[PDB]
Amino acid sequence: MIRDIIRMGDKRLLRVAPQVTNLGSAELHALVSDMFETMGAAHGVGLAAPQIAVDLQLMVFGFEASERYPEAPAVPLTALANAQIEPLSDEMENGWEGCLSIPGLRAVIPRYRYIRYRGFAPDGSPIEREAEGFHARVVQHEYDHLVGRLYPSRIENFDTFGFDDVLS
């Protein structure tokens, strides 16, 4: 079932989401199914549960290939609960992001180039991976959603903030 994506301005995107506690459940599998479906219909590369007004530490992401980010390597399709994230150096990297809760826009956002993330797959198997570049960025971006944070609060150069069809 495709869910409605709530847009910036909605208080529900500003919450700190509680943990998932129903790993391996039919309810959770259904929710993640919906998230993948919803992410697909909106052409996202990630999607965070709060974006569909469900207050939980849960995200999905990945693609074989992206139209939006053609140079991006494949990122494994992943559903991740109770994510925690750790930078593996201080090195930052700028890159383009946009948000489905902020349709039509993008900006350049600095993110850690290298991270580790940990959590659980929906069946309850533990996940821990090191990630870099775009893979890392995506997970940081989704992580932010889980703590009530959106990319505009991280823009440093506002000359890069603009509409997709316009930006130059």
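Counting begins at 1, following the sequence as shown.
In the other compared entries of this protein that model both flanking residues, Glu71 lacks coordinates in at least a third of them. 67-75 and 85-93 differ in mean CA B-factor, and the higher of the two is recorded for 67-75.
Looking at mean Cα B-factors across 137-145 and 95-103, the upper value is held by 95-103. Split the chain's modelled residues into thirds by C-alpha temperature factor. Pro122 is in the lowest one. The PDB entry assigns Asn157 a C-alpha temperature factor belonging to the middle third of its chain's modelled residues. In the PDB entry, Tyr112 places in the middle third of its chain by CA B-factor.
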